[PDB]
Enquirer: 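The structure under discussion is supplied below as structure tokens; questions concerning it will follow.
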Amino acid sequence: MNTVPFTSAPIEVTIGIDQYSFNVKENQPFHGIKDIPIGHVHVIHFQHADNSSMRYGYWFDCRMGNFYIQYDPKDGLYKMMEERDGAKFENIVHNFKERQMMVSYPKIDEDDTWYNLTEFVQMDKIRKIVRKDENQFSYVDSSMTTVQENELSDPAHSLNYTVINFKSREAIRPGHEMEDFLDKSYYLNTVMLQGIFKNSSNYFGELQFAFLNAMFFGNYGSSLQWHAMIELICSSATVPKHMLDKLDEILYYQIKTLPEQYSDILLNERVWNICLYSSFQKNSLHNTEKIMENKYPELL
Amino acid sequence: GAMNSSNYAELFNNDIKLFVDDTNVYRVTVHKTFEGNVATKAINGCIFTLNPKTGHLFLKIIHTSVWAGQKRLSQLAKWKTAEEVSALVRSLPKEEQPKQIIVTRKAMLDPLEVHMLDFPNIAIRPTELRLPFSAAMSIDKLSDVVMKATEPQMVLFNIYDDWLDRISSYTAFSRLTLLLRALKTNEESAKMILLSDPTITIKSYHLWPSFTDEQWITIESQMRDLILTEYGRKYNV
């Protein structure tokens, strides 16, 4: 069980750790989060009480280093940093734990929700989508644009998701225009899976990362990417049985976790109606279709 | 974006453009089978691809053989239209290629956009205009070349005959649309108006009769009266 200590909390903030959230008051003796499960990526995220503009946060994996949070009064944000001195770090964490100045990652023993949202998400793949190679953790916020959004502006602060575009020469083989537009199997299986992702695990990891940035930060480009990657599968007549069954599970947990009050801004009516009711895979997503029809019958 | 009454002069500027109408590509007769079920029999069709400034009509004849053993023909017909327009553009010298292609039906936008990905500088647009190009098969010489075709064929016409010697493109297009609207509304009455005086003939190299300027004004009036007469008949107004 790993720990992300905080130097202090000088500004009132809502702190997210994965799907959990805690309100901290201005100058409250909050010194961090303990008992963080090893084996998963994690996201620690922030919304300031005095300016809800900019949700921002840090993707990290405690296996890769010792990370802490320190408020920067110049840049006005809680920053993640790495502590290279193992013994200094262990000594700080022991003191804060002894004085019970840390909140406990509040995982229920039965509860596989975080595993189920992050099954395919790996820190090494996050670090290729979010490029800042001097840090082992990745900063994301509300306003960061995608490479595809910047094509349609600062490249260093961009989300480098895989560009998916149904009306592109990459998506459409010369001489198979109708075939490739109406059945995206070529684009899914040869171009994206064999060509770019190498396997369904990397494809699912990107889809799951896109959903979590959409949900936790309200990142609009992330929401577009999540829907494009769902639509590419649902619009393909030929998909491996194992990929369809896994996609059903992935989407079920995403729809289960989504706050009901955010469904109107996070779910695209066109894409979900098309995927569940018109697409080649309209009858392949049993679990997802059932939770969508019971939780969000309005959207459909 | 979409072409309407707000930007109507754009049709007659010096930017090469084509209208594409797919409404006569897939044509069928519906009939009873021996067992009392219903079946369709395809007949020859055509793509109507028109430069509104020059009058040049690229009439691609669609022979019934292109449907043989194909499914979902109304869907395939849009993609075959887009394939043929794409092939026509690639066949033209660069200086003759259009800068814009306007489709008369929105259902042609995605098929044409996908076939023309190699031509990112050619704009594919819809139109808010209700154009009567479906009535092209009411022009006897165009109907004749389509129905006689035994194989796929492209035929080039000038749909304005020699009118651009005497009138602007704007006026020629207005005359064409009024003639086609009348032929679409009441074909028999329109053809009666065009052919009722034997002394005015259609030249071998023309589609329409050889009307003088004064005779065209009379014809245009009779066509407007036909459209208004039919509108009164339809709506009992």
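Chain letters run A, B, ... following the sequence lines, proteins first and then strands; every chain starts at 1. Just so it is clear, the values below take in all heavy atoms, side chains as well, and ignore hydrogens, waters and symmetry mates.
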Enquirer: Using side-chain heavy atoms (C-beta onward) and a distance below 4.5 Å, is A:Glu149 in contact with A:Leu159?
Expert: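 SC-SC contact between A:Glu149 and A:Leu159 ruled out.
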Enquirer: For the side chain of A:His227 and the backbone of A:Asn268, is there at least one donor-acceptor N/O pair under 3.5 Å apart?
Expert: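 Flag set: sc A:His227 to bb A:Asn268 pair under 3.5 Å.
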Enquirer: State, with a plain yes or no, whether a side-chain heavy atom of B:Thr49 is found less than 4.5 Å away from one of B:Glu84.
Expert: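 B:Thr49 vs B:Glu84: side chains apart.
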Enquirer: Give a yes or no on this: more than 12 heavy atoms of other residues, nucleotides or ligands lie within 6.0 Å of atom CE of B:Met147.
Expert: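 Atom CE in B:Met147 is crowded, with more than 12 foreign heavy atoms closer than 6.0 Å.
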Enquirer: Can you classify the ring geometry of B:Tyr26 versus B:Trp67 as parallel (below 30°), tilted (30 to 60°) or perpendicular (above 60°)?
Expert: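 Perpendicular, since the angle between the ring planes exceeds 60°.
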Enquirer: Check this for me, if you would: do B:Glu230 and B:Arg181 make a salt bridge, where the nitrogen-to-carboxylate-oxygen distance has to be below 4.0 angstrom?
Expert: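 Between B:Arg181 and B:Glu230 there is no salt bridge, as every charged N stays at least 4.0 Å from the carboxylate O atoms.
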Enquirer: Quick one: does B:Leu88's side chain get under 4.5 Å of B:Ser91's, heavy atoms only?
Expert: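 The answer is yes; the side chains approach within 4.5 Å.
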Enquirer: Is a side-chain N or O of A:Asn287 found less than 3.5 angstrom from the main chain of A:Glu249, in a donor-acceptor match?
Expert: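 No; zero donor-acceptor contacts below 3.5 Å.
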Enquirer: For A:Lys128, does the NZ atom sit with more than 12 other heavy atoms under 6.0 Å from it, leaving out its own atoms?
Expert: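 No, because the 6.0 Å sphere around NZ of A:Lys128 holds 12 heavy atoms or fewer from other groups.
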Enquirer: In terms of heavy-atom contacts, does CZ of A:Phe197 have more than 12 from other residues, nucleotides or ligands at under 6.0 Å?
Expert: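 Enclosed.
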Enquirer: Parallel, tilted or perpendicular: which describes the rings of B:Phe12 and B:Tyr8, with under 30° parallel and over 60° perpendicular?
Expert: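 Aromatic pair B:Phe12/B:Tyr8 classed perpendicular.
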Enquirer: Below 4.5 Å, heavy atoms only, C-beta onward: do B:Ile202 and B:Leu194 meet side chain to side chain?
Expert: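 No, their side chains stay 4.5 Å or more apart.
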Enquirer: Kindly say whether A:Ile172 contributes a backbone atom to a donor-acceptor pair with the side chain of A:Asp180 at under 3.5 angstrom?
Expert: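 Checking the backbone N and O of A:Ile172 against the side chain of A:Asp180, no donor-acceptor pair under 3.5 Å is found.
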Enquirer: Please report the C-alpha distance between B:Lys78 and B:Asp110 in whole Å, then the side-chain angles of each, then the deciding distance to 0.1 Å, and finally whether the salt bridge (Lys or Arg N to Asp or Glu O under 4.0 Å) criterion is met.
Expert: CA-CA 9 Å; B:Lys78 303 177 202 314; B:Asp110 281 345; over 6 Å; no
Enquirer: Search all heavy atoms of B:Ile61 against all heavy atoms of B:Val145 and return the closest pair with its distance.
Expert: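 In this case the closest contact between B:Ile61 and B:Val145 is CD1-O, 3.5 Å.
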Enquirer: Locate the shortest heavy-atom distance separating B:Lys53 from B:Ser169; write the atom from each residue and the value.
Expert: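 Heavy atoms only, the tightest pair is O-OG, 2.6 Å.
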Enquirer: At what distance, to the nearest 0.5 angstrom, does CD of B:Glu83 lie from NZ of B:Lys60?
Expert: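 Between B:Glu83 CD and B:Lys60 NZ, I get 9.0 Å after rounding to 0.5 Å.
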Enquirer: Looking at B:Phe133, B:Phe58, B:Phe48, which hits ring pair (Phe, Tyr, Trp, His ring centres under 6.0 Å) with B:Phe19?
Expert: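 When ring pair (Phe, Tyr, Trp, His ring centres under 6.0 Å) is applied between B:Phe19 and each of B:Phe133, B:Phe58, B:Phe48, only B:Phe133 qualifies.
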Enquirer: Could you check whether any side-chain heavy atom of A:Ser168 comes within less than 4.5 Å of a side-chain heavy atom of A:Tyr187, counting everything from C-beta outward?
Expert: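 Yes - at least one pair of side-chain heavy atoms lies under 4.5 Å apart.
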Enquirer: Heavy-atom distance under 4.5 Å between the side chains of B:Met3 and B:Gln100, does that happen here?
Expert: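 Counting from C-beta outward, B:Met3 and B:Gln100 never come under 4.5 Å.
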Enquirer: Could B:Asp118 and B:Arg90 be called an ion pair, given the rule that one side-chain N must be under 4.0 Å from one carboxylate O?
Expert: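 Between B:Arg90 and B:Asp118 there is a salt bridge, with a charged N closer than 4.0 Å to a carboxylate O.
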Enquirer: Is the number of heavy atoms from other residues, nucleotides or ligands under 6.0 Å of B:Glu214 CD greater than 12?
Expert: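 Atom CD in B:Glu214 is not packed in, count stays at 12 or less.
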Enquirer: Does B:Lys17 use its side chain to pair, donor to acceptor, with the backbone of B:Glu10 at less than 3.5 Å?
Expert: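 It does hold such a pair.
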Enquirer: To the closest 0.5 Å, what do you measure between CZ (A:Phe211) and OG (A:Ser223)?
Expert: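 Here the interatomic distance stands at 9.0 Å.
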Enquirer: I'd like to know whether A:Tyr262 forms a side chain to side chain contact (heavy atoms under 4.5 Å, CB included) with A:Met215, so could you lay out the CA-CA distance, the side-chain angles of the two residues, the decisive distance to 0.1 Å, and finally the verdict.
Expert: CA-CA 8 Å; A:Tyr262 288 41; A:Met215 183 168 67; over 6 Å; no
Enquirer: Is any side-chain heavy atom of A:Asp245 closer than 4.5 Å to one of A:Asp248?
Expert: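 Not in contact.
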Enquirer: Output the distance between atom CD (A:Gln281) and atom OG (A:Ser236), rounded to the nearest 0.5 Å.
Expert: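 Here the rounded value is 7.5 Å.
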Enquirer: Quick one: does B:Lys141's side chain have a donor or acceptor within less than 3.5 Å of a partner on B:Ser204's backbone?
Expert: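 Yes; judged by distance alone, with no hydrogens or angles, the pair exists.
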Enquirer: Within 45° of the axis and under 6.0 Å from the centre of the six-membered ring of A:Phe181, does NZ or CZ of A:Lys184 qualify?
Expert: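 Yes, a cation-pi geometry.
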Enquirer: Pick out which of B:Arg233, B:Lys234, B:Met223 makes a side-chain contact (heavy atoms from CB on, under 4.5 Å) with B:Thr185.
Expert: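 Considering B:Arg233, B:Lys234, B:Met223, a side-chain contact (heavy atoms from CB on, under 4.5 Å) with B:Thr185 is found only for B:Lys234.
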Enquirer: Before you tell me yes or no, could you show the steps for B:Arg166 and B:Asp213 under salt bridge (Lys or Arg N to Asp or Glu O under 4.0 Å), namely the whole-Å CA-CA distance, both residues' side-chain angles and the distance that decides it to 0.1 Å?
Expert: CA-CA 8 Å; B:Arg166 296 194 70 80; B:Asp213 297 358; 2.7 Å; yes
Enquirer: Between A:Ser279 (side chain only) and A:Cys234 (backbone N and O only), is there a donor and an acceptor less than 3.5 Å apart?
Expert: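 Looks like yes, one N/O pair under 3.5 Å.
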Enquirer: Where do B:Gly45 and B:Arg27 come nearest, in terms of heavy atoms and distance?
Expert: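 Taking B:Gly45 first and B:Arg27 second, the nearest heavy atoms are CA-NE, 4.1 Å.
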Enquirer: Could you tell me whether a side-chain N or O of B:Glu151 sits under 3.5 Å from a main-chain N or O of B:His63, the two making a donor and an acceptor?
Expert: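 Not a single qualifying donor-acceptor pair exists.
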Enquirer: Check for a donor-acceptor pair, side chain of B:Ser86 on one end and backbone N or O of B:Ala82 on the other, with a separation under 3.5 Å.
Expert: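 No: the side chain of B:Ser86 does not pair with the backbone of B:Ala82.
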Enquirer: Looking at every non-hydrogen atom in both residues, tell me the closest pair between A:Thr238 and A:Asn189 and how far apart they are.
Expert: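 Answer, listing the atom of A:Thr238 first, then A:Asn189: O-ND2, 2.8 Å.
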Enquirer: Ignoring hydrogens and angles, tell me if any N or O in the side chain of B:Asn44 forms a donor-acceptor pair with the backbone of B:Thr64 under 3.5 Å.
Expert: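 Flag set: sc B:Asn44 to bb B:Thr64 pair under 3.5 Å.
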Enquirer: Do B:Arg175 and B:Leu179 touch side chain to side chain, with heavy atoms closer than 4.5 Å?
Expert: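 Yes, close enough: below the 4.5 Å cut-off.
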Enquirer: What's the shortest heavy-atom distance between B:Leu178 and B:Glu220, and which atoms?
Expert: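 In terms of heavy atoms, the two residues are closest at CD2-O, 3.6 Å.
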Enquirer: Do you know which two heavy atoms are closest between A:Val121 and A:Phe209, and how far apart they sit?
Expert: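 A:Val121 and A:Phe209 have their closest heavy atoms at CG2-N, 4.0 Å.
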Enquirer: Could you tell me whether A:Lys295 atom NZ has more than 12 heavy atoms of other residues or ligands within 6.0 Å of it?
Expert: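 Correct, the count exceeds 12.
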